[PDB]
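Shown next: data.txt, given as compact mmCIF, C-alpha atoms and all ligand atoms.
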```
# COMPACT_ATOMS: atom_id res chain seq x y z
CA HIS A 1 -6.21 1.50 18.51
CA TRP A 2 -6.66 0.28 14.91
CA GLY A 3 -3.73 0.17 12.52
CA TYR A 4 -2.01 -2.03 9.95
CA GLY A 5 -0.05 -4.38 12.20
CA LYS A 6 -0.78 -8.07 12.80
CA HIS A 7 -2.65 -7.36 15.91
CA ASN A 8 -4.64 -4.29 14.89
CA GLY A 9 -4.86 -4.50 11.10
CA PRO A 10 -7.70 -4.85 8.58
CA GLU A 11 -8.78 -8.29 9.83
CA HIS A 12 -9.44 -6.84 13.28
CA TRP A 13 -11.26 -3.64 12.34
CA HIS A 14 -14.73 -5.16 12.27
CA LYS A 15 -14.69 -5.70 16.04
CA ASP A 16 -14.81 -1.95 16.67
CA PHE A 17 -16.25 -0.91 13.30
CA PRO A 18 -18.81 -3.58 12.33
CA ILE A 19 -19.56 -1.73 9.07
CA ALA A 20 -16.24 -3.25 7.94
CA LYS A 21 -18.39 -6.18 6.76
CA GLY A 22 -20.97 -3.88 5.16
CA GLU A 23 -22.59 -3.79 1.74
CA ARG A 24 -20.47 -1.07 0.12
CA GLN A 25 -16.95 -1.38 1.49
CA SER A 26 -13.78 -0.15 -0.20
CA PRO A 27 -11.37 -0.71 -1.75
CA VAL A 28 -12.37 -3.29 -4.37
CA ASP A 29 -10.72 -5.12 -7.22
CA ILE A 30 -11.61 -3.44 -10.50
CA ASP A 31 -12.32 -6.21 -12.99
CA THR A 32 -11.74 -4.25 -16.19
CA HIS A 33 -13.63 -6.69 -18.39
CA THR A 34 -16.73 -6.68 -16.15
CA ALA A 35 -16.81 -2.89 -15.65
CA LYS A 36 -19.38 -1.40 -18.02
CA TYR A 37 -18.92 1.67 -20.17
CA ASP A 38 -21.59 4.20 -19.24
CA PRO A 39 -22.04 6.77 -22.02
CA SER A 40 -24.27 8.73 -19.63
CA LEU A 41 -21.20 9.56 -17.53
CA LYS A 42 -19.87 13.08 -17.98
CA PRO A 43 -16.22 14.20 -18.18
CA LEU A 44 -14.67 14.76 -14.78
CA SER A 45 -14.24 18.43 -13.93
CA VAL A 46 -11.17 18.95 -11.76
CA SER A 47 -10.86 22.64 -10.87
CA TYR A 48 -7.79 23.06 -8.69
CA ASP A 49 -6.47 26.40 -10.02
CA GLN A 50 -7.36 28.24 -6.80
CA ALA A 51 -6.35 25.46 -4.41
CA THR A 52 -4.85 26.65 -1.12
CA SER A 53 -2.77 24.04 0.67
CA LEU A 54 -2.11 24.82 4.31
CA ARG A 55 -0.33 22.06 6.12
CA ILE A 56 1.00 18.51 6.04
CA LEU A 57 0.23 16.16 8.94
CA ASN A 58 1.50 12.72 9.93
CA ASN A 59 -1.59 11.27 11.60
CA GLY A 60 -0.06 7.91 12.44
CA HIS A 61 -1.81 6.20 9.50
CA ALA A 62 -0.57 8.22 6.53
CA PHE A 63 0.29 11.86 5.88
CA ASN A 64 -2.35 14.37 4.83
CA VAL A 65 -1.76 17.47 2.77
CA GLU A 66 -4.60 19.70 3.96
CA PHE A 67 -6.39 22.44 2.10
CA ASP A 68 -8.46 25.47 2.97
CA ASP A 69 -11.95 24.14 2.29
CA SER A 70 -13.83 27.19 3.62
CA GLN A 71 -14.60 28.36 0.07
CA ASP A 72 -15.04 26.77 -3.34
CA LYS A 73 -11.34 26.99 -4.22
CA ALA A 74 -10.52 23.46 -5.36
CA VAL A 75 -13.52 21.49 -6.50
CA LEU A 76 -14.43 18.26 -8.20
CA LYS A 77 -17.63 18.07 -10.25
CA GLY A 78 -19.08 16.22 -13.22
CA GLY A 79 -18.45 12.56 -13.91
CA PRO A 80 -20.85 10.53 -11.77
CA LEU A 81 -21.30 13.41 -9.34
CA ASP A 82 -24.31 15.59 -8.70
CA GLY A 83 -23.28 18.96 -7.32
CA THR A 84 -19.95 20.30 -6.11
CA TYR A 85 -17.32 18.58 -3.98
CA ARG A 86 -14.61 20.55 -2.24
CA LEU A 87 -11.05 19.30 -1.78
CA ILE A 88 -10.15 18.94 1.90
CA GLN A 89 -6.96 16.84 1.80
CA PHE A 90 -4.95 14.29 -0.08
CA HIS A 91 -2.89 11.38 1.17
CA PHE A 92 -1.36 8.14 -0.08
CA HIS A 93 -1.29 4.46 0.78
CA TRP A 94 1.88 2.57 -0.04
CA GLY A 95 3.79 -0.66 0.36
CA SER A 96 6.99 -1.95 1.87
CA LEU A 97 7.87 -3.23 -1.64
CA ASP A 98 7.16 -1.86 -5.12
CA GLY A 99 4.90 -4.86 -5.76
CA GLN A 100 2.21 -3.79 -3.29
CA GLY A 101 0.75 -0.68 -1.71
CA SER A 102 -2.40 0.25 -3.59
CA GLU A 103 -5.83 -0.27 -2.07
CA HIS A 104 -7.78 -0.69 -5.27
CA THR A 105 -6.45 -3.30 -7.64
CA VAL A 106 -6.96 -3.63 -11.39
CA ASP A 107 -7.55 -7.18 -12.56
CA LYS A 108 -5.85 -8.14 -9.28
CA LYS A 109 -2.79 -6.01 -10.06
CA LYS A 110 -1.42 -4.09 -7.08
CA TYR A 111 0.36 -0.80 -7.72
CA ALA A 112 3.21 0.55 -5.56
CA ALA A 113 0.95 3.20 -4.04
CA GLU A 114 -2.37 4.99 -4.39
CA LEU A 115 -3.15 8.70 -4.06
CA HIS A 116 -6.51 9.74 -2.59
CA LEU A 117 -7.78 13.28 -3.18
CA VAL A 118 -10.64 13.64 -0.72
CA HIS A 119 -13.58 15.94 -1.45
CA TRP A 120 -16.84 16.60 0.43
CA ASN A 121 -20.24 17.46 -0.99
CA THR A 122 -20.90 21.15 -0.39
CA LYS A 123 -24.60 20.53 0.12
CA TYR A 124 -23.72 19.10 3.54
CA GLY A 125 -21.86 22.18 4.74
CA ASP A 126 -18.76 20.36 6.18
CA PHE A 127 -16.75 17.31 6.11
CA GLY A 128 -18.03 15.93 9.42
CA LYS A 129 -21.64 16.14 8.28
CA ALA A 130 -20.78 14.88 4.80
CA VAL A 131 -19.31 11.57 6.02
CA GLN A 132 -22.70 10.75 7.52
CA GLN A 133 -24.32 10.80 4.05
CA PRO A 134 -24.31 8.15 1.31
CA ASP A 135 -23.17 10.76 -1.23
CA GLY A 136 -21.09 12.81 1.20
CA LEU A 137 -17.60 12.32 -0.27
CA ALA A 138 -15.95 11.93 -3.63
CA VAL A 139 -12.48 10.43 -3.51
CA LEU A 140 -10.36 10.64 -6.62
CA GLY A 141 -7.95 7.70 -6.58
CA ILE A 142 -4.79 7.64 -8.65
CA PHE A 143 -2.39 4.72 -8.92
CA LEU A 144 1.37 5.15 -8.56
CA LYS A 145 3.87 2.95 -10.36
CA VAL A 146 7.62 3.12 -9.94
CA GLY A 147 9.56 4.45 -12.92
CA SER A 148 10.32 8.05 -13.81
CA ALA A 149 10.02 10.68 -11.08
CA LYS A 150 6.89 12.78 -10.71
CA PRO A 151 8.27 16.31 -10.51
CA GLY A 152 5.08 17.65 -8.91
CA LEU A 153 5.45 15.19 -6.03
CA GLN A 154 8.94 16.26 -5.00
CA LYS A 155 7.86 19.15 -2.75
CA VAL A 156 5.80 16.64 -0.77
CA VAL A 157 8.68 14.15 -0.59
CA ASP A 158 11.12 16.76 0.66
CA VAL A 159 9.00 17.87 3.62
CA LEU A 160 8.54 14.33 4.96
CA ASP A 161 11.71 14.60 7.06
CA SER A 162 9.93 17.24 9.13
CA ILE A 163 6.88 15.07 9.91
CA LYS A 164 8.57 11.72 10.51
CA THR A 165 6.42 10.72 13.46
CA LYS A 166 2.75 10.61 14.41
CA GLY A 167 1.32 13.95 15.40
CA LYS A 168 3.92 16.08 13.64
CA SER A 169 2.71 18.75 11.23
CA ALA A 170 4.44 21.37 9.11
CA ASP A 171 3.35 24.42 7.17
CA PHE A 172 2.81 23.42 3.56
CA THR A 173 1.48 26.32 1.54
CA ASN A 174 1.28 26.95 -2.19
CA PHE A 175 1.37 23.30 -3.18
CA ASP A 176 -0.40 22.70 -6.49
CA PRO A 177 -2.15 19.30 -6.55
CA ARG A 178 -2.56 19.54 -10.33
CA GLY A 179 1.06 18.37 -10.48
CA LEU A 180 -0.05 14.95 -9.18
CA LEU A 181 -2.54 14.09 -11.92
CA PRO A 182 -1.89 11.89 -14.99
CA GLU A 183 -2.63 13.16 -18.52
CA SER A 184 -5.94 11.33 -18.91
CA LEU A 185 -9.04 11.69 -16.74
CA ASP A 186 -10.57 8.39 -17.88
CA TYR A 187 -11.97 6.67 -14.81
CA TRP A 188 -13.91 3.88 -13.17
CA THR A 189 -16.54 4.71 -10.56
CA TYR A 190 -18.54 2.87 -7.91
CA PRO A 191 -20.20 3.53 -4.53
CA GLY A 192 -18.03 2.64 -1.57
CA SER A 193 -16.59 3.63 1.76
CA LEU A 194 -13.71 5.15 3.59
CA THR A 195 -10.88 2.62 3.47
CA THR A 196 -9.90 3.27 7.10
CA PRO A 197 -11.98 3.30 10.27
CA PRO A 198 -14.63 4.52 10.72
CA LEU A 199 -15.19 2.86 7.29
CA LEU A 200 -18.29 4.97 6.66
CA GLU A 201 -20.21 4.18 3.49
CA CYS A 202 -20.22 7.74 2.23
CA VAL A 203 -17.90 7.71 -0.81
CA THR A 204 -18.37 7.94 -4.54
CA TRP A 205 -15.08 6.46 -5.73
CA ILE A 206 -13.58 7.78 -8.94
CA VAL A 207 -10.44 5.83 -9.80
CA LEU A 208 -8.33 7.03 -12.72
CA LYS A 209 -7.27 4.45 -15.28
CA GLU A 210 -3.89 6.03 -15.99
CA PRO A 211 -1.33 5.67 -13.21
CA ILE A 212 1.27 8.31 -12.49
CA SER A 213 4.94 7.36 -12.40
CA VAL A 214 7.03 8.16 -9.36
CA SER A 215 10.68 7.29 -8.86
CA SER A 216 12.06 4.61 -6.59
CA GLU A 217 13.72 7.36 -4.56
CA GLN A 218 10.38 9.14 -4.09
CA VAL A 219 8.59 6.08 -2.74
CA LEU A 220 11.63 5.14 -0.64
CA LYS A 221 11.14 8.40 1.19
CA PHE A 222 7.50 7.56 1.93
CA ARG A 223 8.85 4.40 3.56
CA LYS A 224 11.06 6.35 5.98
CA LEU A 225 7.99 7.77 7.76
CA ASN A 226 6.96 6.31 11.13
CA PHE A 227 3.62 5.06 12.41
CA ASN A 228 4.77 5.79 15.96
CA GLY A 229 5.11 9.06 17.79
CA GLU A 230 8.48 10.55 18.67
CA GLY A 231 10.15 8.74 21.58
CA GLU A 232 8.17 5.57 20.90
CA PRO A 233 9.58 2.38 19.35
CA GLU A 234 9.86 3.05 15.89
CA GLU A 235 7.76 1.28 13.27
CA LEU A 236 8.11 2.22 9.63
CA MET A 237 4.99 3.58 7.98
CA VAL A 238 4.65 0.99 5.21
CA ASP A 239 1.83 -1.26 4.00
CA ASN A 240 -0.82 1.19 5.20
CA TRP A 241 -3.35 -0.22 2.74
CA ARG A 242 -6.58 -2.13 3.19
CA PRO A 243 -6.97 -5.12 0.83
CA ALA A 244 -9.81 -5.45 -1.65
CA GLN A 245 -13.23 -6.08 -0.14
CA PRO A 246 -16.20 -8.03 -1.57
CA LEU A 247 -17.94 -6.15 -4.38
CA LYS A 248 -21.34 -7.52 -3.29
CA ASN A 249 -24.29 -5.82 -4.97
CA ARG A 250 -22.34 -3.24 -6.97
CA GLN A 251 -21.44 -2.45 -10.55
CA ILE A 252 -18.30 -0.59 -11.50
CA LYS A 253 -18.87 1.82 -14.38
CA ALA A 254 -16.24 3.02 -16.83
CA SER A 255 -16.13 6.49 -18.37
CA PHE A 256 -14.30 5.15 -21.40
CA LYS A 257 -14.63 2.61 -24.21
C1 LIG B 301 -4.27 -3.49 23.76
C2 LIG B 301 -4.56 -2.63 22.55
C3 LIG B 301 -5.90 -3.01 21.94
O1 LIG B 301 -5.70 -3.69 20.72
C4 LIG B 301 -6.60 -3.42 19.67
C5 LIG B 301 -6.84 -2.00 19.21
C6 LIG B 301 -7.68 -1.75 18.19
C7 LIG B 301 -8.39 -2.89 17.50
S1 LIG B 301 -9.49 -2.52 16.15
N1 LIG B 301 -8.69 -2.77 14.75
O2 LIG B 301 -10.69 -3.32 16.19
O3 LIG B 301 -10.01 -1.18 16.23
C8 LIG B 301 -8.17 -4.16 17.89
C9 LIG B 301 -7.22 -4.44 19.04
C1 LIG B 302 -13.67 10.56 8.92
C2 LIG B 302 -12.20 10.72 9.22
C3 LIG B 302 -11.42 9.83 8.30
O1 LIG B 302 -11.43 10.41 7.02
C4 LIG B 302 -11.03 9.61 5.96
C5 LIG B 302 -10.61 8.33 6.11
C6 LIG B 302 -10.24 7.56 4.88
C7 LIG B 302 -10.31 8.16 3.67
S1 LIG B 302 -9.91 7.26 2.21
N1 LIG B 302 -8.60 6.37 2.51
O2 LIG B 302 -11.06 6.41 1.99
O3 LIG B 302 -9.70 8.22 1.14
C8 LIG B 302 -10.79 9.57 3.53
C9 LIG B 302 -11.13 10.27 4.62
ZN ZN B 303 -7.02 6.80 1.48
```
For this file, produce the structure as C-alpha cells.
Amino acid sequence: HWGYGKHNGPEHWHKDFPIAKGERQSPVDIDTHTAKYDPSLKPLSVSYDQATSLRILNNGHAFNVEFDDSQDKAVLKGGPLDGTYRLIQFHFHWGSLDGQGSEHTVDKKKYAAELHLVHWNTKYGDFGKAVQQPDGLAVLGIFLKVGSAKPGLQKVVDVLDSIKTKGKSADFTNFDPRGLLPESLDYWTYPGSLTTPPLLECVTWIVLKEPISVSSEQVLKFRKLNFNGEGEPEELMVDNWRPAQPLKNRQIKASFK
C-alpha cells in the first residue's frame, strides 16, 4: 500500500504507478521569474455561495471535506478553464515542521501546508470519468503559512478529534469554503497530475500567489491526526506531501504582472 513512509513513499510509487515518471507530473517548483504573464488568461470565477459540505473523512493519506457535487452548487470557472468545474472535496498536505509541508514550491520555498480544492469538469458527468481525461480536474491550490489564525479554518480543526484514524468520518455540514481563500485570486497555472496515486495526468493546476495564514495551534492539530486505523500502531499523519517533480515540457503561466 503506497504512503509517505520510507518504505512506501514517493520514491516507491512508480513501481505500482509508472505514470509517476510521466510527462506532466505534479507538484512542481514554480519559478516565479520564468513563469510568463498571459494577458489572455481570464479572472478566476470561484462561485461557492451555494456549496453544500456533507462530511469529513480521514482516508489514511489526508482528510477530505466532501461536498454534494450532484448539482452545480460550488463551481470554478474562468481563468485557464473552458467550461464548468464542480467542487467535490478539499484537503490539505502538511509537514511535521513549519518549514515544510507544501507540495508546490515557489522559487524553492516550501510552505507549512497546502490546501487543494478539487473540482471536476462537468462535461464528463462524474469525478471517476473526469480523472480519465486530460482536462478532467481543476485543483485550486492555496499555500498556508504559520502566523495569525485563519478563523474560517477553525471549524475544520475542531472536528479532527473525531476522525483521528484512517477510515473515520463525521458529519460536516454547512461549512463555507469561502472562509479558506486569501484576498487575491492572482494565480499561476500549468497542466499536471494528481499528486497521489494513481497520479493521473488529468489536472489543470491553479495555484494562488497569496498564501493564507493559519496559526501554529491550527497546524499542530493537523499533526495530531493518524495515518493508521484505530487499534493499529500509531503513526502521526505528517509530511503527507509529494516533492516537486520535473517540469519537463511545460510552461507555467501567471495571471498577473
Ligand atoms: C509489504 C507491503 C508492500 O509494500 C509496498 C506497498 C506499496 C508500494 S507503492 N508505493 O509502489 O505503491 C511499495 C511497497
Ligand atoms: C482518483 C482518486 C484520488 O483523487 C485525488 C487524488 C489527489 C488529488 S490532489 N492531491 O492532486 O489534489 C485530488 C484527487
Ligand atoms: Zn492534494
Hey, what's within 9 Å of stretch 85-94 of chain A if we count all atoms listed in the file and toss same-chain stuff fewer than 6 positions away? As a PDB file with C-alpha atoms, keeping the file's coordinate frame, please?
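Okay, selection-v3.pdb is ready:
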```pdb
ATOM      1  CA  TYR A  48      -7.790  23.060  -8.690  1.00  0.00           C
ATOM      2  CA  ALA A  51      -6.350  25.460  -4.410  1.00  0.00           C
ATOM      3  CA  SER A  53      -2.770  24.040   0.670  1.00  0.00           C
ATOM      4  CA  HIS A  61      -1.810   6.200   9.500  1.00  0.00           C
ATOM      5  CA  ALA A  62      -0.570   8.220   6.530  1.00  0.00           C
ATOM      6  CA  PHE A  63       0.290  11.860   5.880  1.00  0.00           C
ATOM      7  CA  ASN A  64      -2.350  14.370   4.830  1.00  0.00           C
ATOM      8  CA  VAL A  65      -1.760  17.470   2.770  1.00  0.00           C
ATOM      9  CA  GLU A  66      -4.600  19.700   3.960  1.00  0.00           C
ATOM     10  CA  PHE A  67      -6.390  22.440   2.100  1.00  0.00           C
ATOM     11  CA  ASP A  68      -8.460  25.470   2.970  1.00  0.00           C
ATOM     12  CA  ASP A  69     -11.950  24.140   2.290  1.00  0.00           C
ATOM     13  CA  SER A  70     -13.830  27.190   3.620  1.00  0.00           C
ATOM     14  CA  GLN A  71     -14.600  28.360   0.070  1.00  0.00           C
ATOM     15  CA  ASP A  72     -15.040  26.770  -3.340  1.00  0.00           C
ATOM     16  CA  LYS A  73     -11.340  26.990  -4.220  1.00  0.00           C
ATOM     17  CA  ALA A  74     -10.520  23.460  -5.360  1.00  0.00           C
ATOM     18  CA  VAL A  75     -13.520  21.490  -6.500  1.00  0.00           C
ATOM     19  CA  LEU A  76     -14.430  18.260  -8.200  1.00  0.00           C
ATOM     20  CA  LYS A  77     -17.630  18.070 -10.250  1.00  0.00           C
ATOM     21  CA  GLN A 100       2.210  -3.790  -3.290  1.00  0.00           C
ATOM     22  CA  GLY A 101       0.750  -0.680  -1.710  1.00  0.00           C
ATOM     23  CA  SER A 102      -2.400   0.250  -3.590  1.00  0.00           C
ATOM     24  CA  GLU A 103      -5.830  -0.270  -2.070  1.00  0.00           C
ATOM     25  CA  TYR A 111       0.360  -0.800  -7.720  1.00  0.00           C
ATOM     26  CA  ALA A 112       3.210   0.550  -5.560  1.00  0.00           C
ATOM     27  CA  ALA A 113       0.950   3.200  -4.040  1.00  0.00           C
ATOM     28  CA  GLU A 114      -2.370   4.990  -4.390  1.00  0.00           C
ATOM     29  CA  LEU A 115      -3.150   8.700  -4.060  1.00  0.00           C
ATOM     30  CA  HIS A 116      -6.510   9.740  -2.590  1.00  0.00           C
ATOM     31  CA  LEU A 117      -7.780  13.280  -3.180  1.00  0.00           C
ATOM     32  CA  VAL A 118     -10.640  13.640  -0.720  1.00  0.00           C
ATOM     33  CA  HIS A 119     -13.580  15.940  -1.450  1.00  0.00           C
ATOM     34  CA  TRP A 120     -16.840  16.600   0.430  1.00  0.00           C
ATOM     35  CA  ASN A 121     -20.240  17.460  -0.990  1.00  0.00           C
ATOM     36  CA  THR A 122     -20.900  21.150  -0.390  1.00  0.00           C
ATOM     37  CA  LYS A 123     -24.600  20.530   0.120  1.00  0.00           C
ATOM     38  CA  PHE A 127     -16.750  17.310   6.110  1.00  0.00           C
ATOM     39  CA  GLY A 136     -21.090  12.810   1.200  1.00  0.00           C
ATOM     40  CA  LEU A 137     -17.600  12.320  -0.270  1.00  0.00           C
ATOM     41  CA  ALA A 138     -15.950  11.930  -3.630  1.00  0.00           C
ATOM     42  CA  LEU A 144       1.370   5.150  -8.560  1.00  0.00           C
ATOM     43  CA  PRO A 177      -2.150  19.300  -6.550  1.00  0.00           C
ATOM     44  CA  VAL A 219       8.590   6.080  -2.740  1.00  0.00           C
ATOM     45  CA  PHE A 222       7.500   7.560   1.930  1.00  0.00           C
ATOM     46  CA  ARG A 223       8.850   4.400   3.560  1.00  0.00           C
ATOM     47  CA  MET A 237       4.990   3.580   7.980  1.00  0.00           C
ATOM     48  CA  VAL A 238       4.650   0.990   5.210  1.00  0.00           C
ATOM     49  CA  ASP A 239       1.830  -1.260   4.000  1.00  0.00           C
ATOM     50  CA  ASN A 240      -0.820   1.190   5.200  1.00  0.00           C
ATOM     51  CA  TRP A 241      -3.350  -0.220   2.740  1.00  0.00           C
ATOM     52  CA  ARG A 242      -6.580  -2.130   3.190  1.00  0.00           C
TER      53      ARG A 242
END
```
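As for atom CA of residue A:49 and atom CA of residue A:191, they are spaced 27.2 Å apart.
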Using all atoms listed in the file, find each residue in chain A having at least one atom no more than 7 Å away from ligand LIG 302 (chain B); report its shortest atom-to-atom pair and that distance in Å (one decimal), rows by chain then rising number, as CSV.
```
residue,atom,partner,partner_atom,distance
A:116,CA,B:LIG302,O3,5.1
A:117,CA,B:LIG302,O3,6.9
A:118,CA,B:LIG302,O3,5.8
A:128,CA,B:LIG302,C1,6.9
A:131,CA,B:LIG302,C1,6.4
A:139,CA,B:LIG302,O3,5.9
A:193,CA,B:LIG302,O2,6.2
A:194,CA,B:LIG302,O2,3.3
A:195,CA,B:LIG302,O2,4.1
A:196,CA,B:LIG302,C6,4.8
A:197,CA,B:LIG302,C5,6.7
A:198,CA,B:LIG302,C1,6.4
```
Discussion item. Counting all atoms listed in the file, I want the residues whose atoms come within 12 Å of (-0.7, 13.5, -17.2) in the file frame, returned as a ChimeraX atom specification.
Written reply: /A:142,150-152,178-186,208-213
Could you list, as an MDAnalysis selection string, all residues that come within 10 Å of ligand LIG 301 (chain B)? Count all atoms listed in the file. chainID A and resid 1:18 20 196:198
For stretch 10-32 of chain A, supply N, CA, C and O atoms and report the output as an mmCIF file, keeping the file's coordinate frame.
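New file out19.cif:
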```
data_model
loop_
_atom_site.group_PDB
_atom_site.id
_atom_site.type_symbol
_atom_site.label_atom_id
_atom_site.label_comp_id
_atom_site.auth_asym_id
_atom_site.auth_seq_id
_atom_site.Cartn_x
_atom_site.Cartn_y
_atom_site.Cartn_z
ATOM 1 N N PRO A 10 -6.396 -4.713 9.240
ATOM 2 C CA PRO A 10 -7.700 -4.850 8.580
ATOM 3 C C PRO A 10 -8.555 -6.038 9.021
ATOM 4 O O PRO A 10 -9.775 -5.879 9.004
ATOM 5 N N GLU A 11 -7.971 -7.165 9.394
ATOM 6 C CA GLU A 11 -8.780 -8.290 9.830
ATOM 7 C C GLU A 11 -9.565 -7.914 11.088
ATOM 8 O O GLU A 11 -10.703 -8.345 11.276
ATOM 9 N N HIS A 12 -8.934 -7.120 11.947
ATOM 10 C CA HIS A 12 -9.440 -6.840 13.280
ATOM 11 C C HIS A 12 -10.469 -5.723 13.326
ATOM 12 O O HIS A 12 -11.210 -5.602 14.299
ATOM 13 N N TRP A 13 -10.493 -4.888 12.290
ATOM 14 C CA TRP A 13 -11.260 -3.640 12.340
ATOM 15 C C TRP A 13 -12.739 -3.836 12.637
ATOM 16 O O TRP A 13 -13.360 -3.006 13.302
ATOM 17 N N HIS A 14 -13.303 -4.929 12.137
ATOM 18 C CA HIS A 14 -14.730 -5.160 12.270
ATOM 19 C C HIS A 14 -15.199 -5.215 13.722
ATOM 20 O O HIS A 14 -16.364 -4.944 14.006
ATOM 21 N N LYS A 15 -14.302 -5.565 14.636
ATOM 22 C CA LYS A 15 -14.690 -5.700 16.040
ATOM 23 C C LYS A 15 -15.060 -4.356 16.668
ATOM 24 O O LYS A 15 -15.883 -4.302 17.585
ATOM 25 N N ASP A 16 -14.455 -3.273 16.189
ATOM 26 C CA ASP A 16 -14.810 -1.950 16.670
ATOM 27 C C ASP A 16 -15.608 -1.149 15.652
ATOM 28 O O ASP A 16 -16.278 -0.183 16.004
ATOM 29 N N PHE A 17 -15.553 -1.581 14.394
ATOM 30 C CA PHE A 17 -16.250 -0.910 13.300
ATOM 31 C C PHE A 17 -16.953 -1.960 12.459
ATOM 32 O O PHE A 17 -16.469 -2.349 11.401
ATOM 33 N N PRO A 18 -18.093 -2.459 12.954
ATOM 34 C CA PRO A 18 -18.810 -3.580 12.330
ATOM 35 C C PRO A 18 -19.188 -3.330 10.868
ATOM 36 O O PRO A 18 -19.392 -4.285 10.128
ATOM 37 N N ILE A 19 -19.272 -2.065 10.465
ATOM 38 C CA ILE A 19 -19.560 -1.730 9.070
ATOM 39 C C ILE A 19 -18.450 -2.228 8.137
ATOM 40 O O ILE A 19 -18.615 -2.240 6.915
ATOM 41 N N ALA A 20 -17.330 -2.659 8.715
ATOM 42 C CA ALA A 20 -16.240 -3.250 7.940
ATOM 43 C C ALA A 20 -16.713 -4.429 7.087
ATOM 44 O O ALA A 20 -16.084 -4.760 6.076
ATOM 45 N N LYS A 21 -17.806 -5.070 7.504
ATOM 46 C CA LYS A 21 -18.390 -6.180 6.760
ATOM 47 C C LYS A 21 -19.668 -5.750 6.041
ATOM 48 O O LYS A 21 -20.524 -6.575 5.722
ATOM 49 N N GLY A 22 -19.777 -4.450 5.771
ATOM 50 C CA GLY A 22 -20.970 -3.880 5.160
ATOM 51 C C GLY A 22 -21.165 -4.163 3.688
ATOM 52 O O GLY A 22 -20.423 -4.930 3.071
ATOM 53 N N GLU A 23 -22.174 -3.515 3.113
ATOM 54 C CA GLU A 23 -22.590 -3.790 1.740
ATOM 55 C C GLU A 23 -21.878 -2.948 0.687
ATOM 56 O O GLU A 23 -22.000 -3.229 -0.501
ATOM 57 N N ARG A 24 -21.176 -1.900 1.098
ATOM 58 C CA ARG A 24 -20.470 -1.070 0.120
ATOM 59 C C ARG A 24 -19.105 -0.634 0.625
ATOM 60 O O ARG A 24 -18.801 0.555 0.692
ATOM 61 N N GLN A 25 -18.288 -1.622 0.975
ATOM 62 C CA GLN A 25 -16.950 -1.380 1.490
ATOM 63 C C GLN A 25 -15.911 -1.200 0.385
ATOM 64 O O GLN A 25 -16.030 -1.754 -0.714
ATOM 65 N N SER A 26 -14.893 -0.415 0.705
ATOM 66 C CA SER A 26 -13.780 -0.150 -0.200
ATOM 67 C C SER A 26 -12.464 -0.494 0.493
ATOM 68 O O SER A 26 -12.384 -0.502 1.719
ATOM 69 N N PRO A 27 -11.405 -0.738 -0.289
ATOM 70 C CA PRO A 27 -11.370 -0.710 -1.750
ATOM 71 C C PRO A 27 -11.939 -2.007 -2.318
ATOM 72 O O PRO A 27 -12.359 -2.897 -1.570
ATOM 73 N N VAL A 28 -11.957 -2.089 -3.647
ATOM 74 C CA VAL A 28 -12.370 -3.290 -4.370
ATOM 75 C C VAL A 28 -11.386 -3.565 -5.498
ATOM 76 O O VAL A 28 -10.615 -2.687 -5.903
ATOM 77 N N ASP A 29 -11.402 -4.802 -5.983
ATOM 78 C CA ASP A 29 -10.720 -5.120 -7.220
ATOM 79 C C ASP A 29 -11.583 -4.607 -8.373
ATOM 80 O O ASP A 29 -12.804 -4.795 -8.384
ATOM 81 N N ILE A 30 -10.942 -3.936 -9.320
ATOM 82 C CA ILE A 30 -11.610 -3.440 -10.500
ATOM 83 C C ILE A 30 -11.357 -4.456 -11.604
ATOM 84 O O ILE A 30 -10.261 -4.535 -12.161
ATOM 85 N N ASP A 31 -12.375 -5.262 -11.884
ATOM 86 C CA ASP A 31 -12.320 -6.210 -12.990
ATOM 87 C C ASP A 31 -12.638 -5.460 -14.276
ATOM 88 O O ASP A 31 -13.801 -5.155 -14.546
ATOM 89 N N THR A 32 -11.601 -5.151 -15.048
ATOM 90 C CA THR A 32 -11.740 -4.250 -16.190
ATOM 91 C C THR A 32 -12.654 -4.788 -17.276
ATOM 92 O O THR A 32 -13.285 -4.021 -18.002
#
```
